[PDB]
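Just the one chain here, laid out as structure tokens, in the form deposited in one PDB entry.
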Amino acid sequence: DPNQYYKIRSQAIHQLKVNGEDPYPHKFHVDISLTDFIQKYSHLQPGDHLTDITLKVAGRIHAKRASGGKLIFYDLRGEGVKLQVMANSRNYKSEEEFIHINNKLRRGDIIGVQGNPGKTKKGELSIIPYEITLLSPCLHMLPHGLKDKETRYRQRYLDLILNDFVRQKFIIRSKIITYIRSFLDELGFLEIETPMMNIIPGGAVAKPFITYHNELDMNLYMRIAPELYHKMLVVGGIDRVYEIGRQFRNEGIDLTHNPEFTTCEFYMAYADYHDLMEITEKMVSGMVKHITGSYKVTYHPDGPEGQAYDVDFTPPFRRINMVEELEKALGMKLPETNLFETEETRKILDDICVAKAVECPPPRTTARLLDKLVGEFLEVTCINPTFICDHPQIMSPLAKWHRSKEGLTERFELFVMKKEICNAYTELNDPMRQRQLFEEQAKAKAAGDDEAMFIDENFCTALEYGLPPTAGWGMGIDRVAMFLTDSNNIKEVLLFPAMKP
């Protein structure tokens, strides 16, 4: 019984303490890691037992198997690897200390082991200990944080101990971010840090978190995006900047959303969105190949017991135009794109949503109705990497008008395995038009839209100093790690995901 186990084991190590036995020693000198030990001694023959090499290793006891009173086997784990400790009475510093030490040890315990390399008749690489030291006891009975999702996510440390697939997803997450940095560093992007607390949040349509600063007596918002700060640096004459950082959205959690999440944004002066499409294909495909070995990954939309898809990251990625493809999916013609800002188009998209059973919680604005329709008809068909391009201006308040198609913008979004990955556009750099677009956002806000943008006059002022033609880009790191690890739940790729209380 777990609770009784805890009471018993807690009382025992408490006894060790008051009697001065030091169950939490300060320092154990490790000579070699378990990984290096296995690399250096795997070549031994079964039955071997080295007399001229003694080493100190450490790890956690995963299993304790008695073989008579004279012989115990410890399954010792660390670094994603394992090493057997063959504790034989005859090789220990003394037979009485052998009994004493092994009677204390339990599964879960962190230990230090001083011993000789060996291999059993079976051929299991082992260390035969002269001395075993308890470094940290485990006061709890470990799961025979095992399969129950909830326990795994609330106690990630148990998950990481018991399930090596979990450690592997977090390694690849680190490689994603590291790959992106060298990719951008090599292209001359300067890595920067902009404020995560804003008097006025910006850079996206989203509901922010609000705080208060006592000394300065002001309310602050947690950032939605670093976008506006980045463009001000480009006005400043830093032509290539990027930031990999946390963004915060005051919204609900589900399979693809956490209230804090990581993105990479970058801004490149003298680029347009066509250039970013090629950079994107290059970065994403190079990234998949680098870490997984090929351009093809397997996709299980329905878990391990469902259909398996091979997703091909070989460039170039498919491109669809948002308004055209939607009309095709609808089998019906939408208004001319120059009419996408009229109330009548709004009514038309509203009627279409009712008729097609596409829900849209209030406000039923053109932007939100459009996005719901695109989510239903286009996004779900994006298995392979696909750019959805040319977003209407009404859904894109900071993108530059498209140069040949009235009412549209130079904007794309990358979709992979039904999930949005990147959002990019050539940047709106006309201050008068940016201001008019902010004002529309402000009136939507005043009319009951929690997510609408605040007018940022200080940013419009910066645009009045001259933002060179620029293209910028934003990628959700968590989303990429999801698809590179074939995870359908974002909680798989965050170490400590946000959780219902």
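A residue's number is simply how far along the shown sequence it sits, counting from 1.
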message = Quick test of your reading: does residue 451 have no coordinates in a third or more of the other entries compared?
response = yes
task = Check the entry and tell me how many residues of the deposited sequence have no coordinates between residue 333 and residue 334: none, 1 to 3, 4 to 9, or 10 or more.
result = none
ask   = Looking at the deposited entry, does 472-480 or 431-439 carry the larger mean Cα B-factor?
value = 431-439
ask   = Of 307-315 and 170-178, which one has the bigger average CA B-factor?
value = 307-315
request  = Have a look at 272, 239, 243, 148 and flag the one whose Cα has the highest B-factor in the entry.
outcome  = 148
Among modelled residues of the same chain, the CA temperature factor third for residue 298 = highest
task = Would you mind ranking residue 61 by its C-alpha B-factor against the rest of the chain and naming the third, lowest, middle or highest?
result = lowest
note = Binned into thirds over the chain's modelled residues, the C-alpha B-factor of residue 385 lands in the middle
inquiry  = Test of reading the entry: by CA B factor among the chain's modelled residues, which third contains residue 20?
reply    = highest
remark   = Temperature factor at the Cα of residue 494, chain-ranked in thirds, falls in the lowest
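We do not show the form deposited in another entry, though everything after this point is about it.
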ask   = In terms of the two rigid parts that describe the motion between the shown form and the other one, is residue 130 grouped with residue 329?
value = no
